[PDB]
């Protein structure tokens, strides 16, 4: 039936020549490489839109410009809803969609052509996950699996600490935003895995958010969300 695997791809895997054998999932922030060389004239990928909004596909390429991409939404494999425009040696386009599975079908018109491409998709939205109690110590931290996840948590009553972990795979600035659903005293601290006492940064209140940006190098990190007054619910986004 419809593949439900959650492991993203970074590279195509033939055969992927129509919607029924599409490679995927492609996720935001992870580049996929492939090529349409010789008689390989079509490649198909799928991706999941997690929140309604505007989705952008950018496909930088080298080789012939004689090809394009079409997008289809699950449920209608005949009528494509968007196609790419050539701009500066890439095929780009933005289209509005609603949540659900979509397919990008890249195909060339002349089978003498050699084309290689990389594919970037943006604007897919965040998946919402719940924290997993008990997460009151770093060894029981709830894993944040990628940088397109909103974690939903609460600190009601006895529960005063929620530890989360995330991995940074390449150096860059990370944005940590806790959104307070209720008015209470909550904050967060960030720690390296190797030194749970070394405090790297601390969240700063700005209106209803407690946030900070920090440049981190590759590695695993612990994020402790803890309350110092009242009780309430929050959502937690770690963004790149």
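Residue numbers count along the first chain shown, from 1.
As recorded in the PDB entry, 164-172 is the stretch of 164-172 and 87-95 with the greater mean C-alpha temperature factor. When the two stretches 213-221 and 16-24 are set side by side, the higher mean Cα temperature factor goes to 213-221. Highest CA B-factor among the listed residues (151, 156, 104, 121): 156. Remark: of 56, 208, 44, 65, 208 shows the highest value [criterion: C-alpha B-factor in the PDB entry]. Residue 80: CA B factor in the lowest third of modelled residues in this chain (values from the PDB entry). Placement of the Cα temperature factor of residue 36 within the chain: middle third of the modelled residues, per the deposited record. In the PDB entry, residue 184 places in the highest third of its chain by CA B-factor. Ranked by Cα temperature factor within the chain, residue 143 sits in the lowest third according to the deposited record.
Annotation for residue 8: CA B-factor lies in the middle third of the chain's modelled residues.
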